[PDB]
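Letters A, B, ... are given to chains in the order of the sequence lines, protein chains preceding strands, and every chain is numbered from 1.
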Amino acid sequence: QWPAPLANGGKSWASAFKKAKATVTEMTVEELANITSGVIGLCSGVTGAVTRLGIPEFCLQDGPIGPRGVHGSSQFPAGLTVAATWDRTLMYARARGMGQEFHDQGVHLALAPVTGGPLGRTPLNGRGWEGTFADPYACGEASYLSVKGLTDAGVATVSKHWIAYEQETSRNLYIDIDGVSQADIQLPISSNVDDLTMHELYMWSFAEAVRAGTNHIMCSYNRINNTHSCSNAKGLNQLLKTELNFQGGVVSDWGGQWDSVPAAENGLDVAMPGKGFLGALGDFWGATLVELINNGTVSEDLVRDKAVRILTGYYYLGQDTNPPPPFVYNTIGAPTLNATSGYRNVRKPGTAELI
Amino acid sequence: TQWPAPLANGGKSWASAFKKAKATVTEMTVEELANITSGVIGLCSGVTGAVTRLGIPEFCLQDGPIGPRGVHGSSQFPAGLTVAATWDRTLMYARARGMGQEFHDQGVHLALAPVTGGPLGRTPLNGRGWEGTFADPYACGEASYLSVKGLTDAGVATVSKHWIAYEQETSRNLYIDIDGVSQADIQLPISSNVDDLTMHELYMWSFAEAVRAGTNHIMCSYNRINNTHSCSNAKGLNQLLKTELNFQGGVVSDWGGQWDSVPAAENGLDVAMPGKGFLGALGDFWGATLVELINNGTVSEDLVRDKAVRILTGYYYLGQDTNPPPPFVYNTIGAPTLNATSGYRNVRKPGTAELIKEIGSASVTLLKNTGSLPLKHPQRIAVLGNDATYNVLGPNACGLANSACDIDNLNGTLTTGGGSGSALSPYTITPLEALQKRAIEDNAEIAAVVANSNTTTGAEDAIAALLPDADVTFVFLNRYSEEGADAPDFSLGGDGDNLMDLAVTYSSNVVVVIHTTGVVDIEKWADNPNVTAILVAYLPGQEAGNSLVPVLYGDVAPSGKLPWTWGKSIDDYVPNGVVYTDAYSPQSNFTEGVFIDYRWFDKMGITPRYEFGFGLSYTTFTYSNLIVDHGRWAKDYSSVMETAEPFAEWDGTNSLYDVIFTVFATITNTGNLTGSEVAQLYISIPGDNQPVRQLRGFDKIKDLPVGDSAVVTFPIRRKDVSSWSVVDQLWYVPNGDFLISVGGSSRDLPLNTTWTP
Ligand SMILES: *[C@@H]1O[C@H](CO)[C@@H](O[C@@H]2O[C@H](CO)[C@@H](O[C@@H]3O[C@H](CO)[C@@H](O)[C@H](O[C@H]4O[C@H](CO)[C@@H](O)[C@H](O)[C@@H]4O[C@H]4O[C@H](CO)[C@@H](O)[C@H](O)[C@@H]4O)[C@@H]3O)[C@H](O)[C@H]2NC(C)=O)[C@H](O)[C@H]1NC(C)=O
Ligand SMILES: *[C@@H]1O[C@H](CO)[C@@H](O[C@@H]2O[C@H](CO)[C@@H](O[C@H]3O[C@H](CO)[C@@H](O)[C@H](O[C@@H]4O[C@H](CO)[C@@H](O)[C@H](O)[C@@H]4O[C@H]4O[C@H](CO)[C@@H](O)[C@H](O)[C@@H]4O)[C@@H]3O)[C@H](O)[C@H]2NC(C)=O)[C@H](O)[C@H]1NC(C)=O
Ligand SMILES: CC(=O)O[C@@]12CO[C@@H]1C[C@H](O)[C@@]1(C)C(=O)[C@H](O)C3=C(C)[C@@H](OC(=O)[C@H](O)[C@@H](NC(=O)c4ccccc4)c4ccccc4)C[C@@](O)([C@@H](OC(=O)c4ccccc4)[C@H]21)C3(C)C
Ligand SMILES: *[C@@H]1O[C@H](CO)[C@@H](O[C@@H]2O[C@H](CO)[C@@H](O[C@@H]3O[C@H](CO)[C@@H](O)[C@H](O)[C@H]3NC(C)=O)[C@H](O)[C@H]2NC(C)=O)[C@H](O)[C@H]1NC(C)=O
Ligand SMILES: *[C@@H]1O[C@H](CO)[C@@H](O[C@@H]2O[C@H](CO)[C@@H](O[C@H]3O[C@H](CO)[C@@H](O)[C@H](O)[C@@H]3O)[C@H](O)[C@H]2NC(C)=O)[C@H](O)[C@H]1NC(C)=O
Ligand SMILES: *[C@@H]1O[C@H](CO)[C@@H](O[C@@H]2O[C@H](CO)[C@@H](O)[C@H](O)[C@H]2NC(C)=O)[C@H](O)[C@H]1NC(C)=O
Ligand SMILES: OC[C@H]1O[C@@H](O[C@@H]2[C@H](O)[C@@H](O)O[C@H](CO)[C@H]2O)[C@@H](O)[C@@H](O)[C@@H]1O
Ligand SMILES: *[C@@H]1O[C@H](CO)[C@@H](O)[C@H](O)[C@H]1NC(C)=O
Ligand SMILES: *[C@@H]1O[C@H](CO)[C@@H](O)[C@H](O)[C@H]1NC(C)=O
Ligand SMILES: *[C@@H]1O[C@H](CO)[C@@H](O)[C@H](O)[C@H]1NC(C)=O
Ligand SMILES: *[C@@H]1O[C@H](CO)[C@@H](O)[C@H](O)[C@H]1NC(C)=O
Ligand SMILES: *[C@@H]1O[C@H](CO)[C@@H](O)[C@H](O)[C@H]1NC(C)=O
Ligand SMILES: *[C@@H]1O[C@H](CO)[C@@H](O)[C@H](O)[C@H]1NC(C)=O
Ligand SMILES: OC[C@H]1O[C@H](O)[C@@H](O)[C@@H](O)[C@@H]1O
C-alpha cells in the first residue's frame, strides 16, 4: 500500500535526529508506549516521561493565539487578524511573542499554528478565524512565518489540522462517554478530494509549514475518502512523510484516533490525549500498544520511529540542556482534573504594543 | 497436529537395524522407554539413559561439527566454512571421515554434527554461520551429503543440525530456568516465519540430502517457526521431515530447545536433551514426567515406543552392539557443573595432520593479486598482527568452547570459531613459524609485530621502523565470532583496522591474510595500490601456517573460491537479517523468499566486491565446448535412504534424484603456470519471482598443466530442474526456457545455452 518511511533528521535536525535515535535505542517497549501516548497533567496533552533515561513529560498546550487557560499572559490577535495586516514582519513578530509566552509558561509543544486546515472552503467555518487567508499562497507565507516565530522562541510547533478539515459540522470526534460511543452514532464527515486539488490547494500551506521546520503535525478529525485522517496511509505515510519528506511527529487531534493498529501502521506517532479527559476520547495505545508489540502484531521498530520523531524536536530546540520551566496552571478544569494552579507572570514590555 | 506422527519402518538401508530396534523396544517397561528418550548426567555433551536390563548402554552424544569438542588427544580440523571453500567433494568426505575416526575412537555414539542447512546463510552476520558450508542450497546439499556419509562410514551416528530456518543467534532464547530466572518469562525464541515455497526450495534442500545420505538423527532448532517451537512443530517434524522426507531416524532437541512435555511428545520430538545434564537447568520435560504421561493416558505408549525405535535403529545399523565404541574418558562439561576427573586417550592418526593441511591449501582463496604473488625469495620480510602467532594464553586458553577469553585478549591465529562447534588443538602451526622456516631456507630475515598495535607502548614506532625496508609486508587479520551472538557488523576484530592503516602508510607491498568466520569490511584498503594481494584463509584448524605458506610461495597455486557473497556493505544484503527486539514474541518474516546471499544480489542488480564462487589462481582458464547430453541419464540407486518427496512425473518406478541429463565443458590452462580450477554450472529455471540463476553443479580439475585441457562434467538431477508447486504440493519441472551457464564464478560465465523440454 504505502509504507512508513523512516525518519532521518532531514536538513536542520541532523544532529537532533541522531541524539533521538540514540535515546530511543535504549528504550524498553513500555518506555516506547509511555512516550507515544498521552498521560494526565495540567496541559492540554502530556507525553509520558521516560523517567529512567531522564526524559520528562512534554507539555502540549493550546493554542494558536497563545497559551490557553493560563493567567499572567497576553491575548494576542487571531490568525485572521494578522492575515489582514498583509505584513510578514507582523506575522513573524506575533508568533515570536506567542512563542516566548509559551516557552516561559513551560510549554514544550504548542498546538499551533493553524496552517491550512481549515483553509476556508466555507465562509461559515466556525473556527476559520484561527487560520489566516482563504488562499494557499498567502496562507503558506503566514504559516511559514508563524512556524518560524514559535520555533525561534524555543517551542516545538504542531501545525494543524492535516488535512481537508473544512467543516466543524459532524467532525464527530471519538468519544465513548456515558455508555454511548460516537463510533456507534456517526462517522466523521469524509472530505473526498481529488489529487490535483489536494496538491495545489490543501497541501500547499503544509508544505510551507514543513519547510519552516514545524516539528510535528496534527492529523484532523475528518475522514478523507472515507478513511480517518489520523490513520490514512496515503495522507500521512505517502503525501506527508514521503512527498513532503516530513521528519517530525504526527499528533492525533483530541479524539482524532479511532483505532490501534491502522493508526500505528498508517502514519500516527502520538496518541492524544490518552489517559487525559478520563480516557473518554479514546485510549487506543498505551497498554494496548505494549500488548500489540509483545505479541508480534506491531513491529517494535515501527514504534521506535514514532518515538524518534517525538524526541527530534526535544533535542533540536535544546529542551534537554535548556528545559522549559514548570507549567503551573490547571488548563483542563475540574472536575475533569482536580489540581490546584500556581501563578506566573509572563507578560513582557513590548507585547502590548505589538498587539 | 492434524499432521500425525508416522511410524518408523527403517526405510532402505536400515531394514535389519529397525527390526532389532522394534524387537528390543517391545520388551521395554514404561520406565525404560522414558530412561532412553531423555538425557542423563555424564561426561559427554549429552547421554541417553541406559536400559540396563536389556543390555543397552548409555549413548555418548558429543559436540563436534569439526570433531569431538572438549577432548585432548585429537586434531583440530578446519571448519565447514573452510571445506566449503575447497569446492572439493574428495576433501569434504575425507574431512568427515577423519573427524569420524576421532569421534568413534574417543568413544562417541552420536556426533552432534554436521551442520546441514541451519544456519544456511540468510544473514552474513550469523555468529555461527561458519559451522555450515555454503550460502547455497545445492552446494550445502552436496557437502551435507558427503559430511554425513564420512561420519557414518566411521561408525558414528550423525545428528544433522539444526532443523530448521535457524538463521540468527540473536533471541534464539534457548529454554533455561536457573537462578530464579526462566526464559519463558522474558522472551520467546525468534519466529522464522517462512512461506511454503521458500521452505521447500531453500531450507529443506540440504536436509533432504542429509536424509538421503543416511543421517541417523536430526536436531530440532532453538527458533520457533510460524510462532511454534521447532522442536514441537508438527508440520515441521511430523509432516515435512518424517513424512515428506520420509525420515526414519531420531529428532534430538537442541539443548534447551524443548519447551514442553506433551506437544513435544505429540508433534515430533524423539529425544529430550540434555535432561538431567546441566543441573536440569535447560528443562527436563520428560523422564519421570513422561512416565506419568504414559501411565495416566495422556501420551500413548505407542508414540514413545516409536521414539525409542528411532533412537535404537542407528545403534544397531552402525553395529555399536557387536562392535561397541571404547569408553569416553574426558569431562567435557566442566566443573562446577560436573565435577569429574578426566582420563587420557590419544586418537591422532598418521595422515590427519596432512589432510588438515591439504584442506587449508585447497581452501585459501586469493581475492586480489596485482603482481606480488607468488613470492620468489624475498630477503626482508615484515609481518603484522597477533593473528600471525599464538594466543598469548595458549591455544586452548579460551576453554571447552573457545569462548571464555577476555574481549581484548590476543587470541592468536583464528583456527576455529567460538562455541559448541569448536574443539581443542594439540598445537598451532602459526603463520609466523611457517614464514620463518621459508625465510631461513632463503637466507632471509623476518620480523613480526604481534602486540596490540593500539595499546602496546612502542608498537606503532616499531611498525614505522620495520616496514619501509621490508621487501614484503604480510598482514594477518582476524574476526572471531561465536554461537550465542551475531556479529554487530563487518568490523575486523581486535586492532585490525589500525594494522591496515599503518601498513599502507609504511609499505608499498602489503599482502593481507584474513582468518575469519565470515565476510569482513575491507573497503578502506582493498582498492589501495599498496595492498598488492588479499587472501582469506577462513578457519584452517591446527595447520594454519604450513597450509598457507606453500601457496604464498607458489609451491601450489591457490584454487579455493568464495562460498558466499562478499558485499561492499552489509546494507547490500537481505534486510532484517538479524532482528533486534525486546518484544515477548520476536518475529522474523522471511519475506525475501528464496533470495538469500547471491540470489538477492543477482535479482536486485547489486554488485558485490567479490561474488559467490570467486577466487583467483596464479593462471587463467578459458572455457569452451559446452555440451548438453540428454542421452546421459541414470537411475538413482546410490542414496542410503529415500525421501517421499512427491513429484508430477512419478511414474511409479522413477525418482526425484534421477539424473536426467549431463552437461560437459572444456577448460584450457591459458596462462603460464599449473593450477587447479573450480568449474561451476548455474541454471535459470523459468517461473515467477524466480532467481536469476542457481548453482546446480561444480567440478574441480586438479593441477591442469599449462596448455592442457580437461573436460568438466555436471550430472543434472530432476530435482535440480524442479520447482515447488504450492497449489499442488509436489515438485515439478516447469515449462519455458532453462538457461544453463558454466564458468569460473557466479558472475564469470562464458558458456551459455537454452534447454526447453
Ligand atoms: C482520494 O481519492 C481521489 C480520487 O480517486 C484520489 O485521487 C487519485 O489519486 C491517485 C494517486 O494516489 C491518482 O493516481 C493516477 O492516475 C494517473 C492517470 O490519471 C496515473 O498516470 C498515475 O500513475 C502513475 O503514478 C503511480 C504512483 O507513483 C505509479 O505507480 C504509476 O506507475 C504511474 O507512474 C509512472 O508513469 C508516469 C508517466 O505516465 C511517470 O511520470 C511516473 O514517475 C511513473 O513512471 C496515478 O496512478 C489518480 O489519478 C487520482 N484520481 C483523481 C480523480 O484525482 C486521491 O489520491 C485520494 N486521496 C487520498 C488521501 O487517499
Ligand atoms: C508457515 O506458514 C506458512 C504461511 O501460511 C505456511 O505456508 C502455507 O503452507 C500450506 C501447506 O501447509 C500451503 O497450502 C495450500 O494452499 C494451496 C493453494 O495455494 C492449496 O492448493 C494446497 O492444497 C492442498 O494440499 C493439501 C496438502 O497435501 C491437501 O490436503 C489438499 O487437499 C490440497 O491438495 C489436493 O489437490 C491438489 C491439486 O489441486 C493435489 O495435487 C493434491 O495431491 C491434493 O489431492 C495447500 O492447502 C499454503 O498455500 C502456504 N502458503 C504460503 C504463504 O506459502 C507454511 O506451510 C508454514 N510452515 C510451517 C512449518 O508451519
Ligand atoms: C545456556 C546454554 O547454552 O547452556 C549450554 C549447556 O548445554 C548448552 C548447550 C550449549 O551448546 C553449551 C554446551 C555451549 O557449548 C555454549 O558454547 C555455551 C554457551 C552459549 C553459554 O551460554 C550462554 O552464553 C547463555 O546465553 C547464558 N544465558 C543466561 O545466562 C540466561 C540466564 C537466565 C535467563 C536468560 C539467560 C548462560 C551462561 C552461562 C550459564 C548458563 C547460561 C554456556 C555454556 O557454558 C554451556 O552451558 C553450560 O555449561 C551450563 C549451562 C547451565 C548450567 C550449567 C552449565 C552451553 C557455553 C559452553 C559457554
Ligand atoms: C536409566 O538410566 C540410568 C542412567 O544410565 C541407569 O543407571 C546407570 O546404569 C548403568 C548400567 O546400565 C550403570 O553403569 C555400571 O556402573 C557400576 C558402578 O556402580 C559398575 O559396577 C558397572 O560395571 C558399570 N558398567 C559399565 C559402565 O561397564 C550406572 O552406574 C547407572 N548410573 C546411575 C545414575 O546409577 C538406570 O539403570 C536406567 N534405568 C533402567 C530402568 O534401565
Ligand atoms: C578472543 O576470544 C574471545 C572469546 O574467548 C573474544 O571475546 C568475546 O568477544 C565476543 C565478540 O564476538 C563478545 O560478545 C558479546 O559481548 C557482549 C557481552 O556482554 C554482548 O553484549 C554481545 O551480545 C556478545 O554476546 C564476548 O562477550 C567476548 N567474551 C568475553 C568472555 O569477554 C574476543 O573478542 C577475542 N579477541 C579478539 C581480539 O577478537
Ligand atoms: C511512563 O510515563 C508516566 C507519566 O509521566 C511516568 O511517571 C511519572 O514519572 C515522573 C518522573 O519522570 C514522576 O515525577 C511522576 O511522579 C510519575 N507520575 C505518576 C503518575 O506516577 C512513568 O514513570 C513512565 N514510566 C516509565 C517506565 O518510564
Ligand atoms: O454547541 C454548538 C451550538 O450549535 C448550534 O448549532 C450548530 C448548527 O445546528 C449546525 O451548523 O450544526 C452544528 C453541528 O454540526 C451545530 O453545532 C446549536 O445547536 C446550539 O445548541 C449550540 O450552542
Ligand atoms: C495482541 O494484543 C492485542 C491487544 O491486546 C489483541 O487485540 C490481539 O488480538 C493480540 N493478538 C495476538 C495474536 O495475541
Ligand atoms: C509479518 O507479517 C504480519 C502480517 O502478515 C505482521 O503482523 C508482522 O508484524 C510481520 N513482521 C514484520 C515484517 O515485521
Ligand atoms: C474531582 O472532584 C469531583 C467533585 O469533588 C469528583 O466528582 C470527580 O470525580 C473528581 N475528578 C476526578 C477525575 O477524580
Ligand atoms: C498426567 O500426568 C502429567 C504429569 O504428571 C500431568 O501434567 C497431568 O495432569 C496428568 N493428567 C491427568 C489426566 O491425570
Ligand atoms: C561441583 O563442585 C562445586 C564446588 O564444590 C559445587 O559447588 C557443585 O555444587 C558441584 N556440582 C554438582 C552438580 O554436584
Ligand atoms: C604507499 O606506501 C608509501 C610508503 O611505501 C606511502 O608513502 C604512500 O603514501 C602509500 N600510498 C597509499 C595510497 O597509501
Ligand atoms: O543483546 C546482546 C546482543 O549483542 C550482540 O551484538 C548481538 O549480535 C546479539 O547476538 C546479542 O544478543
Side-chain angles (χ1 to χ4, degrees), chain A residues 1-9 17-18 20-37 48 50-53 55 233 237 242 260-261 263-265 269 284-308 311, chain B residues 122-123 125 165-168 170-173 181-195 222-230 232-233 259 485-489 491 569-593 604:
Chain A
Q1 194 201 187
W2 286 288
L6 284 174
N8 57 55
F17 168 73
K18 168 176 179 188
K21 253 264 174 260
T23 296
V24 169
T25 280
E26 318 314 334
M27 278 181 199
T28 73
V29 172
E30 199 206 355
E31 288 169 348
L32 289 173
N34 223 43
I35 200 181
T36 50
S37 194
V50 185
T51 116
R52 159 199 148 252
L53 306 187
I55 310 302
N237 274 339
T242 296
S260 301
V261 164
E265 301 291 342
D269 305 289
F284 282 112
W285 291 352
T288 302
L289 188 60
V290 163
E291 291 152 2
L292 280 158
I293 289 157
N294 279 325
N295 77 18
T297 313
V298 157
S299 166
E300 187 172 11
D301 289 334
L302 188 69
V303 181
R304 285 176 202 295
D305 189 61
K306 307 179 189 299
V308 152
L311 272 339
Chain B
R122 189 194 175 245
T123 178
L125 298 180
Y166 177 49
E167 297 297 326
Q168 62 170 73
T170 302
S171 289
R172 75 192 182 140
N173 299 328
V181 160
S182 178
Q183 177 61 228
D185 298 311
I186 310 175
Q187 195 179 39
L188 300 181
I190 186 71
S191 167
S192 307
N193 302 326
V194 186
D195 71 37
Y222 280 137
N223 54 299
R224 303 184 283 136
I225 313 172
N226 298 347
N227 280 282
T228 299
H229 303 295
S230 186
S232 45
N233 195 293
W259 274 69
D486 301 302
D489 48 47
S491 304
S569 175
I570 180 73
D571 300 305
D572 295 345
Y573 289 75
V574 159
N576 316 122
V578 177
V579 343
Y580 287 102
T581 185
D582 299 305
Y584 184 61
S585 172
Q587 307 293 307
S588 176
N589 295 357
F590 287 23
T591 98
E592 66 280 352
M604 292 301 183

* To do: Grab the two heavy atoms, one from A:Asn294 and one from B:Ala583, that are nearest each other, plus how far apart they are.
  => OD1-CA, 3.6 Å
* Asked: If you round to the nearest 0.5 Å, how far is CD of B:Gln587 from CD1 of A:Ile293?
  -> 13.0 Å
* Any chance you could measure B:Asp582, atom CG, to A:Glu30, atom CD, to the nearest 0.5 Å? => 12.0 Å
